[PDB]
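Undergrad: Mind having a look at this structure? Questions to follow.
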């Protein structure tokens, strides 16, 4: 019924405070109101930017200019990656820390990179595993090094990518 | 790290409570401030008569408050937690802190 | 719009500007013919409010800077790396061998009684370790921790946290049908470590590898729960020597220590069977001291005991079972 | 001046060369007459930013 995240712009900030004019003594004088409005409306701008200072620092929306700072703390350097996929690698490596490389587990990680039906996985008798891609939205060669990391120590892997079925 | 429960807290809901407590035979002074917009309790910890508090943090349920601060000679080495007595989904409030109000703020000390 | 977080950084408006547009907009509501010059009553009022408002911008900038890695200091440093789930150490105690007390009962080891810094010489032990300072605290944060298993990062993470005395580790993989260039049998992988025990790492490895003993290495040690054995190797086996030549203003004596110790970190941090790049070594010297102190720089590398004629400037690597190491009594400074 | 940079490593991506380009702004800080590039300094800067 209520949002748990209380960090939001204050609703109707301006009309508040004006509500503290005692008994409409000054209201309708058009000389005191403008002086008060001009000062209060400055806080509006500062109040608004208080959110982006917290909202924009999250990894989901962080821009490349500062996303590097988030990656730097985790040891994931930009190298030659671009912004749209640099976000992906950060998620992939971080998610690897609570993984076991099971068949059900592997499907889950690939799920975040290719939608619901964009990926499928065949399995083979002698350590063979196969990955199929149908709806890639980013160039895969640069993402490939991580795709190896979350697999068992002895996996034998093939990678094939195509658009659609 | 064996630990034993040894102290419990209660709050009357006044927005600027301040009182002195004794833990592990040492004495500390605590300050609690209520935040309106964030509807949460702010806790400050320090020595008796200290100019400034040693530690300030925001209270939350099932979070180890003292975790990153067990490296100072004036900080308790025990465990401080807030967990609910009722439904597990209830979050810390203003008047719902106490041994029977819904949230059990507790301190426990390691066995040495 | 040019104020606050902007992706390229954080921008803070100075005191003067905030007054300028405040007066401008304030003037717009009453026309030009409105006194706002110095010492005027209106101007005096404006200054008070803007100064109170200005602190808000300064506070925001401090909060952002306080939470960045570069600006982390004191307690604020603890919070930032605390977010990663690790905390600084405390008063640490010495360990000895048969002020002090026995660590456990004995029959047909040694533990210090005092809480910290400390009767520590041969034929009368780990000393020091009072408080874990920020510099090494930053270093200790370089590691990683995870609960994963059966994957390459998981193996590395577990070993560095459980195996006592471990200092470095690397893994080589041969996931193909035919023996690799390193002679690894097909469908097997090798683990090489430096330091640590032999009948303990095997125990740790057993709990973290998949249910298919694909290990291979020089030495083995059987374990049971059914019986099997685990393989591994040990490398050690190298110490280096360095000389540096430069042109300019001599570096007294203190700087050489700052330069010398700084180099030891970069060389030491190299991976097992890694490679050293002459360019990287130069870069460290340009960064371990203030710029604008040298016009030319060269570094020469040779193994201990070799003749002086053996100094070379080309990049150097190490074999599979070799680990690069550097120490003092090294780093010969000279002016060209 | 015209400056060319060559290196061995991963290919640098567009908009990542901006830091290097602006990093060479130090080249505009030379003093009259007594201005010497000390290309080693440039190598340090390009490897720093």
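Every number in this text was worked out from the coordinates using simple rules, so none of it is lab data. Neighbour counts run over all protein chains shown; Cβ positions are idealised from the backbone, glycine included.
Undergrad: Mind listing whichever residues of segment A:113-137 are loosely packed, with under 14 Cβ neighbours inside 10 Å and either in contact with a helix residue (DSSP H, G or I) (Cβ under 6 Å, 6 or more places away or on another chain) or more than 30 Å from residue C:190 (Cβ to Cβ) (or both)?
TA: Here is the first cut: in segment A:113-137, the residues loosely packed, with under 14 Cβ neighbours inside 10 Å are A:115-117, A:121-126, A:128, A:137.
Result: A:115, A:116, A:117, A:137.
Undergrad: Can you tell me which residues in chain D are more than 12 Å from chain C (Cβ to nearest Cβ), surrounded by 12 or more Cβ atoms within 10 Å (Cβ to Cβ) and part of a helix (DSSP H, G or I)?
TA: Filtering chain D for residues more than 12 Å from chain C (Cβ to nearest Cβ) gives D:1-6, D:10-14, D:16-17, D:20-21, D:23-25, D:27-28, D:32-35.
Narrowing further to those that are surrounded by 12 or more Cβ atoms within 10 Å (Cβ to Cβ): D:5, D:12-13, D:16-17, D:20-21, D:23-24, D:27.
Answer for chain D, where residues must be more than 12 Å from chain C (Cβ to nearest Cβ), surrounded by 12 or more Cβ atoms within 10 Å (Cβ to Cβ) and part of a helix (DSSP H, G or I): D:17, D:20, D:21, D:23, D:24, D:27.
Undergrad: Please identify the pairs in which a residue from segment C:74-87 that is at the interface with chain B (Cβ under 10 Å from one of its Cβ atoms) has its Cβ atom under 6 Å from the Cβ atom of a residue that is in a helix (DSSP H, G or I) and crowded, with 17+ Cβ neighbours inside 10 Å, counting only partners at least 6 apart or on another chain.
TA: C:78/B:68; C:82/B:68; C:87/B:68
Undergrad: Taking segment C:62-73 as the search range and keeping residues that are more than 10 Å from chain A (Cβ to nearest Cβ) and assigned to a helix (DSSP H, G or I), which one is farthest from residue A:49 (Cα to Cα)?
TA: C:66
Undergrad: Now for a separate question. Kindly provide the set of residues from segment A:50-67 that are exposed (fewer than 15 other Cβ atoms within 10 Å of the Cβ) and over 12 Å from the mean Cα position of the chain (by Cα), ordered by number.
TA: A:51, A:52, A:54, A:65, listed by residue number.
Undergrad: Select the strands (runs of 3 or more DSSP E) contained entirely in segment A:77-165, then report the ones holding at least 1 residues which are within 10 Å of chain C (Cβ to nearest Cβ), under 30 Å from residue D:13 (Cβ atoms) and over 17 Å from the mean Cα position of the chain (by Cα).
TA: Values: elements: A:119-123, A:128-133, A:156-161.
Result: A:156-161.
Undergrad: Let me ask something additional. So how many residues does segment C:130-170 have that are buried (at least 16 other Cβ atoms within 10 Å of the Cβ), in a strand (DSSP E or B) and either within 12 Å of chain A (Cβ to nearest Cβ) or out of contact with any helix residue (DSSP H, G or I) (no Cβ under 7 Å at 6 or more places or on another chain) (or both)?
TA: Of the residues in that region, 2 qualify.
Undergrad: Further, regarding this structure: Against the definition (assigned to a helix (DSSP H, G or I) and away from chain C (no Cβ under 14 Å)), how does residue A:28 come out, yes or no? Before the answer, list the steps.
TA: Values: assigned to a helix (DSSP H, G or I): no; away from chain C (no Cβ under 14 Å): yes.
So residue A:28 does not fit the description; no.
Undergrad: Another question, if that's okay. Restricting to segment C:239-254, give me the number of residues that are outside any loop (DSSP other than H, G, I, E, B) and more than 22 Å from the chain's Cα centre (by Cα). Reasoning before the result, please.
TA: The first filter runs over segment C:239-254 and keeps only residues outside any loop (DSSP other than H, G, I, E, B), leaving C:240-248, C:254.
Adding the requirement that they be more than 22 Å from the chain's Cα centre (by Cα) leaves C:241-248, C:254.
Count: 9.
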